[PDB]
Amino acid sequence: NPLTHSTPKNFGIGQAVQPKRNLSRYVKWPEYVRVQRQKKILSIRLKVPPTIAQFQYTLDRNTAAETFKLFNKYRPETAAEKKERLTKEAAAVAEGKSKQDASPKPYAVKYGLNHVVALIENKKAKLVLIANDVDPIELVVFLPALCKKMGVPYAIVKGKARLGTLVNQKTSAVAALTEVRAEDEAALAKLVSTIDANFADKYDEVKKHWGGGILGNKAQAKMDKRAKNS
Amino acid sequence: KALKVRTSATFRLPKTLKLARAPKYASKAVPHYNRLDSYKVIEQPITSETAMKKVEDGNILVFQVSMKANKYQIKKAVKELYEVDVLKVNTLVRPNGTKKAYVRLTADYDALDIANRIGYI
Amino acid sequence: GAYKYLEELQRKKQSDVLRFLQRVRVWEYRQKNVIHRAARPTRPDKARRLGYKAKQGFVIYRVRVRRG
Amino acid sequence: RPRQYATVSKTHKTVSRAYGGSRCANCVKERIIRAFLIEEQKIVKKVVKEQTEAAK
Amino acid sequence: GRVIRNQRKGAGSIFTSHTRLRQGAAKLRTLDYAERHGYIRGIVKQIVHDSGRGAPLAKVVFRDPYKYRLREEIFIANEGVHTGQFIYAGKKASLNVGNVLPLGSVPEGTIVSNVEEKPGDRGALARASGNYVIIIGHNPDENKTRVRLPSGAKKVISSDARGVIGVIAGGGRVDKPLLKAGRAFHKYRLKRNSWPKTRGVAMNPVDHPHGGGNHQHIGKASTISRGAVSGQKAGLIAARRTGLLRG
RNA sequence: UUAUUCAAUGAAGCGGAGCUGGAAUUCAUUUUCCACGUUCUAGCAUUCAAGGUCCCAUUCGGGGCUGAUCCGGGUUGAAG
RNA sequence: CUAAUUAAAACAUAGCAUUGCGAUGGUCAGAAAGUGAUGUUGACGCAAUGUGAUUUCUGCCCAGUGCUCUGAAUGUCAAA
RNA sequence: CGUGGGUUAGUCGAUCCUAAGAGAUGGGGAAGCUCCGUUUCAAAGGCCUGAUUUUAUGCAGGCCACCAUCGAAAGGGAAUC
Ligand SMILES: [Mg+2]
Ligand SMILES: [Mg+2]
Ligand SMILES: [Mg+2]
Ligand SMILES: [Mg+2]
Ligand SMILES: [Mg+2]
Ligand SMILES: [Mg+2]
Ligand SMILES: [Mg+2]
Ligand SMILES: [Mg+2]
Ligand SMILES: [Mg+2]
Ligand SMILES: [Mg+2]
Ligand SMILES: [Mg+2]
Ligand SMILES: [Mg+2]
Ligand SMILES: [Mg+2]
Ligand SMILES: [Mg+2]
Ligand SMILES: [Mg+2]
């Protein structure tokens with residue numbers, strides 16, 4: 001096309017004004033966006049003592065898929081099925097009158113931090129799921145030591161949001177199974193086998209290993225320049 | 001993980017939805033009436049001999065008006081009270097703190113007839 | 001319950017656990033305002049014994065004042 | 001006076017050239033010469049630079 | 001028992017800078033990618049006079065790299081800089097008078113002015129009229145450079161700090177005598193209220209530590225410690241030797 | 001270096017890794033380093049960039065990619 | 001310049017000289033401060049003083065007291 | 001002294017602009033009355049769409065990086081003889 005021509009621009013220094021490049025690296029973020037990024041940085045800069053970052057070894061994606069597959073079968077009552085089952089328990093008063101036992105034993109997961117800590121202490125829990133992301137971590141940071149001492153298998157899992165999903169909350173921070181249905185006993189057992197393989201059996205070694213000290217990209221890539229030049 | 005291309009280093013506040021008010025009760029429940037109607041604008045004629053010299057000679061109706069009335073509210077009130085048309089309004093605040101309006105009518109009307117039609121001279 | 005463990009561990013201020021947690025948190029509180037709303041108590045157990053309950057009406061403000 | 005220029009028409013405010021009411025017909029003519037003599041210099045400085053790096 | 005004139009100056013009431021007629025802050029161009037990896041070309045459009053300053057100001061106009069607009073920086077004019085002159089600022093720039101280059105990328109014995117004490121603070125050294133900076137050394141590992149300041153002192157500045165080649169224009173100004181209190185009056189009219197000066201020995205003891213007595217005499221030693229405070233630092237502060245320089 | 005301290009900016013190009021050519025006498029290995037689109041002149045430089053490429057559902061117009069290397073989201077330099 | 005008893009030889013002055021300071025600074029503010037003046041500054045500058053245009057000179061003194069010194073390191077040396 | 005009359009503006013001023021300055025906000029200090037600061041270390045925002053039938057003109061593009069306000073009846077300023 002003889003009408004159309006090729007300009008090409010000289011985007012060098014001191015010539016031909018710069019184009020609209022991406023400066024997402026260079027945004028002055030709002031003050032909260034800096035502090036929520038630099039807090040995560042400052043955690044992994046310092047030497048994290050092993051009582052923290054005995055977290056961040058998390059039940060991985062394939063075996064946390066199995067864990068939530070089992071725990072979703074034992075989901076607690078909603079308000080929808082509770083208001084229904086009280087009406088059938090109303091009919092227990094109306095005509096049932098066993099004593100008050102129109103309803104069977106409910107098999108549900110056990111949640112709530114005070115409840116679950118008390119369930120571990122009486123050694124009634126069969127498996128505990130611990131959220132890694134809770135804040136303040138002081139709420140949960142004693143839980144692996146307690147679970148190790150009472151002999152309850154525990155998993156540090158990702159998501160207090162996800163633990164809240166199976167208990168119909170928004171956040172749960174713990175989720176325990178204290179008894180399963182008899183058809184799911186082998187399902188729990190192979191989970192218990194791998195979860196102690198990842199968490200409880202390493203616990204005596206994880207207790208010694210500090211965390212953090214991870215340097216940033218520039219200062220890491222300047223550290224190996226000093227190593228190669230010396 | 002992709003991310004949005006940000007051509008500006010400046011982060012501005014986003015444009016959130018600003019809902020309108022939808023109140024559960026009225027603020028005052030009875031609107032005030034017209035705080036300056038025609039009877040509040042025009043109070044009385046000014047009936048000095050100097051104001052009477054302007055009735056025939058100049059075709060000006062001299063009034064005493066509210067201090068809160070501007071030259072639009074004087075013109076509007078004079079028109080629909082006295083069924084005239086105003087050519088011009090000149091207004092002064094008198095040294096007794098009252099507002100005096102020189103209201104000149106258009107040539108179709110005669111301020112001498114209208115002065116008798118109001119009732120003064 | 002869990003608040004008994006929270007109560008005793010909070011007494012171990014110079015423990016290696018809390019000395020890290022105090023270091024990370026004291027940095028975060030300087031990058032906020034001098035007076036600013038806390039979303040929830042950093043010490044829920046200390047909030048119970050002083051009077052706080054988790055219901056609508058209870059408000060936490062974190063605040064720093066100059067020593068000396 | 002500077003607000004009177006909004007009352008008069010465009011003929012009083014501009015000469016019929018490029019850069020009419022801005023520059024002064026000698027600064028414009030010098031601007032046209034200085035424009036022209038540099039791309040002809042730039043074309044020459046391009047073929048001088050390209051040839052001398054094509055050698056070695 | 002009354003606060004002295006040297007103490008009252010810090011309140012900054014009538015003792016401020018008379019800064020209405022001044023042309024701006026005479027700084028360097030802000031250190032950016034143009035001046036850190038290549039150069040940028042300016043143009044002098046005015047050599048103007050700065051009120052209260054004995055050195056002319058060069059208004060140098062650059063193009064903004066990122067937006068289509070013109071940015072007018074205000075330089076202190078170097079002796080030899082003219083109007084219509086292209087001015088180069090950057091690292092790859094050429095040594096001419098009025099060009100702005102880092103101290104590392106100019107050789108030994110180069111004469112520079114408007115020299116940054118820290119890289120990017122837009123000019124701090126050699127800014128009064130006639131003064132200059134000589135580069136007397138280099139330490140290329142851990143990049144530094146040794147200079148001679150206009151006082152005669154030796155300073156070590158980063159090699160990424162900048163400077164403008166040449167002396168600051170307007171030199172030889174103080175070599176002219178003022179001849180009269182009037183020409184002192186209008187020099188300090190456009191600077192600040194420090195003129196005239198009443199001698200402290202010409203005072204009452206309430207006003208100055210030197211005043212009073214039946215004869216105008218100092219009374220105590222005029223040399224005072226650095227370890228004194230306001231109201232006692234009226235004289236020679238922390239002097240090493242006094243009087244003439246005759247050994 | 002992450003607390004702290006100094007400073008600068010519309011937080012715009014930082015760090016690392018990638019094309020060449022050699023007085024690397026390639027030592028069949030970047031033990032290795034260097035230069036990154038602009039300097040006769042008081043001009044001009046803006047419309048997501050023309051070009052190229054591919055798609056649309058083509059609507060006379062619209063969207064990507066490349067032009068303009070990739071990755072790390074550490075704004076950058078000090079001081080500790 | 002002593003309004004309203006002192007207009008002077010007193011104050012100022014240019015000239016001269018001394019002193020401190022290269023900015024993390026000198027001199028000074030402020031109760032503090034993410035605080036100020038000089039400072040829209042940078043030694044031909046700023047600040048602190050002394051003498052007071054020009055001619056011609058500024059002798060002797062470091063024992064005293066002040067000021068100052070990368071100066072001597074079991075004389076004295078508080079708290080921890 | 002007693003009683004009244006009298007001051008009419010699009011064009012004259014105020015109003016608007018900034019000056020030296022004063023002074024909120026964000027934020028820091030201070031037991032506090034309040035102090036500092038006036039662009040700061042803030043997520044600080046309105047401007048036109050080319051031009052209208054799915055338009056109370058947006059539920060869209062697109063543009064803009066500054067950041068209160070007060071401060072002159074002698075300064076600047078639309079226009080009457
Ligand atoms: Mg941090
Ligand atoms: Mg009036
Ligand atoms: Mg009037
Ligand atoms: Mg004097
Ligand atoms: Mg006296
Ligand atoms: Mg920047
Ligand atoms: Mg007298
Ligand atoms: Mg100031
Ligand atoms: Mg002598
Ligand atoms: Mg002791
Ligand atoms: Mg009278
Ligand atoms: Mg007028
Ligand atoms: Mg205004
Ligand atoms: Mg105003
Ligand atoms: Mg004027």
# chains A, B, ... in the order shown; residues from 1 in each chain; ligands from 1
>>> closest_atom_pairs(of="chain E", to="ligand 5", cutoff="7 Å", atoms="only C-alpha atoms and all ligand atoms", output="Markdown table")
| residue | atom | partner | partner_atom_place_in_ligand_line | distance |
| --- | --- | --- | --- | --- |
| E:202 | CA | ligand 5 | 1 (Mg) | 6.1 |
| E:203 | CA | ligand 5 | 1 (Mg) | 5.0 |
| E:204 | CA | ligand 5 | 1 (Mg) | 5.4 |
| E:212 | CA | ligand 5 | 1 (Mg) | 6.7 |
>>> write_last_selection(atoms="C-alpha atoms", output="mmCIF file, in the first residue's frame")
data_model
loop_
_atom_site.group_PDB
_atom_site.id
_atom_site.type_symbol
_atom_site.label_atom_id
_atom_site.label_comp_id
_atom_site.auth_asym_id
_atom_site.auth_seq_id
_atom_site.Cartn_x
_atom_site.Cartn_y
_atom_site.Cartn_z
ATOM 1 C CA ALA E 202 28.128 49.964 72.684
ATOM 2 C CA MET E 203 25.241 48.732 74.810
ATOM 3 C CA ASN E 204 23.800 48.375 78.280
ATOM 4 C CA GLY E 212 28.097 48.616 80.217
#
>>> closest_atom_pairs(of="chain F", to="chain E", cutoff="9 Å", atoms="only C-alpha atoms (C1' of nucleotides)", output="tab-separated table")
residue	atom	partner	partner_atom	distance
F:7	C1'	E:121	CA	7.8
F:8	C1'	E:120	CA	7.2
F:9	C1'	E:30	CA	8.5
F:12	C1'	E:33	CA	7.9
F:13	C1'	E:33	CA	6.8
F:36	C1'	E:37	CA	8.6
F:38	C1'	E:40	CA	7.8
F:39	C1'	E:94	CA	7.9
F:42	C1'	E:84	CA	4.3
F:45	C1'	E:68	CA	8.0
F:46	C1'	E:68	CA	5.3
F:77	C1'	E:119	CA	7.6
F:78	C1'	E:118	CA	8.4
>>> write_last_selection(atoms="C-alpha atoms (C1' of nucleotides)", output="PDB file, in the first residue's frame")
ATOM      1  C1'   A F   7      16.903  11.761  51.268  1.00  0.00           C
ATOM      2  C1'   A F   8      14.176  11.893  46.490  1.00  0.00           C
ATOM      3  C1'   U F   9      10.180  11.161  43.116  1.00  0.00           C
ATOM      4  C1'   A F  12       9.481   5.529  35.268  1.00  0.00           C
ATOM      5  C1'   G F  13      12.779   2.111  33.860  1.00  0.00           C
ATOM      6  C1'   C F  36      22.568  -0.484  25.830  1.00  0.00           C
ATOM      7  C1'   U F  38      20.042  11.292  20.826  1.00  0.00           C
ATOM      8  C1'   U F  39      26.288  16.646  20.262  1.00  0.00           C
ATOM      9  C1'   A F  42      17.786  29.170  19.756  1.00  0.00           C
ATOM     10  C1'   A F  45       8.810  15.797  18.636  1.00  0.00           C
ATOM     11  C1'   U F  46       1.522  14.886  21.730  1.00  0.00           C
ATOM     12  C1'   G F  77      19.704   5.844  46.617  1.00  0.00           C
ATOM     13  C1'   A F  78      22.283   5.964  51.101  1.00  0.00           C
TER      14        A F  78
END
>>> residues_near_ligand(ligand="ligand 9", cutoff="12 Å", atoms="only C-alpha atoms (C1' of nucleotides) and all ligand atoms", output="list in words")
residues 243 and 244 of chain E; 57, 58, 59, 60 and 61 of chain G
>>> residues_near_ligand(ligand="ligand 1", cutoff="8 Å", atoms="only C-alpha atoms (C1' of nucleotides) and all ligand atoms", output="PyMOL selection string")
(chain A and resi 35+38-39+41-42) or (chain C and resi 27) or (chain F and resi 2)
>>> residues_around(residues="range 94-106 of chain B", least_positions_apart="2", cutoff="8 Å", atoms="only C-alpha atoms (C1' of nucleotides)", output="PDB file with C-alpha atoms (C1' of nucleotides), in the first residue's frame")
ATOM      1  CA  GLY B  58     -42.002  60.255  36.850  1.00  0.00           C
ATOM      2  CA  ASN B  59     -44.562  57.415  36.614  1.00  0.00           C
ATOM      3  CA  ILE B  60     -42.859  55.722  39.595  1.00  0.00           C
ATOM      4  CA  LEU B  61     -44.768  53.882  42.296  1.00  0.00           C
ATOM      5  CA  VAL B  62     -42.676  54.239  45.453  1.00  0.00           C
ATOM      6  CA  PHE B  63     -43.088  51.286  47.791  1.00  0.00           C
ATOM      7  CA  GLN B  64     -41.648  50.019  51.033  1.00  0.00           C
ATOM      8  CA  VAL B  65     -40.449  46.482  50.550  1.00  0.00           C
ATOM      9  CA  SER B  66     -39.053  43.655  52.624  1.00  0.00           C
ATOM     10  CA  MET B  67     -35.339  43.765  53.308  1.00  0.00           C
ATOM     11  CA  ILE B  74     -40.245  43.284  43.850  1.00  0.00           C
ATOM     12  CA  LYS B  75     -41.006  43.201  40.119  1.00  0.00           C
ATOM     13  CA  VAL B  84     -49.081  46.377  35.907  1.00  0.00           C
ATOM     14  CA  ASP B  85     -45.809  45.943  34.062  1.00  0.00           C
ATOM     15  CA  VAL B  86     -42.594  47.295  35.521  1.00  0.00           C
ATOM     16  CA  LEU B  87     -39.981  48.908  33.335  1.00  0.00           C
ATOM     17  CA  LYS B  88     -37.359  49.222  36.060  1.00  0.00           C
ATOM     18  CA  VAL B  89     -36.830  48.850  39.801  1.00  0.00           C
ATOM     19  CA  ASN B  90     -34.375  51.036  41.713  1.00  0.00           C
ATOM     20  CA  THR B  91     -33.978  50.113  45.350  1.00  0.00           C
ATOM     21  CA  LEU B  92     -32.378  51.784  48.337  1.00  0.00           C
ATOM     22  CA  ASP B 108     -48.978  51.598  28.970  1.00  0.00           C
ATOM     23  CA  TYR B 109     -49.909  52.272  32.616  1.00  0.00           C
ATOM     24  CA  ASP B 110     -50.214  55.464  34.608  1.00  0.00           C
ATOM     25  CA  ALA B 111     -48.947  55.552  38.178  1.00  0.00           C
TER      26      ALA B 111
ATOM     27  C1'   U H   7     -29.007  58.417  50.019  1.00  0.00           C
ATOM     28  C1'   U H   8     -32.247  55.163  43.188  1.00  0.00           C
TER      29        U H   8
END
>>> residues_near_ligand(ligand="ligand 7", cutoff="9 Å", atoms="only C-alpha atoms (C1' of nucleotides) and all ligand atoms", output="PyMOL selection string")
chain G and resi 2-7
>>> write_last_selection(atoms="C-alpha atoms (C1' of nucleotides)", output="PDB file, in the first residue's frame")
ATOM      1  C1'   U G   2      16.949  59.868  74.614  1.00  0.00           C
ATOM      2  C1'   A G   3       8.200  61.442  71.744  1.00  0.00           C
ATOM      3  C1'   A G   4       7.672  65.280  76.870  1.00  0.00           C
ATOM      4  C1'   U G   5      14.718  68.856  80.166  1.00  0.00           C
ATOM      5  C1'   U G   6      20.588  65.760  77.308  1.00  0.00           C
ATOM      6  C1'   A G   7      21.343  65.942  69.047  1.00  0.00           C
TER       7        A G   7
END
>>> interface_residues(of="chain A", to="chain H", cutoff="10 Å", atoms="only C-alpha atoms (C1' of nucleotides)", output="ChimeraX atom specification")
/A:29-33
>>> residues_around(residues="range 22-26 of chain H", least_positions_apart="5", cutoff="10 Å", atoms="only C-alpha atoms (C1' of nucleotides)", output="NGL selection string")
:H and (38 or 40 or 42 or 44 or 68-71)
>>> select_by_dssp(residues="chain C", states="helix (DSSP H, G or I)", output="PyMOL selection string")
chain C and resi 3-10+16-30+44-50
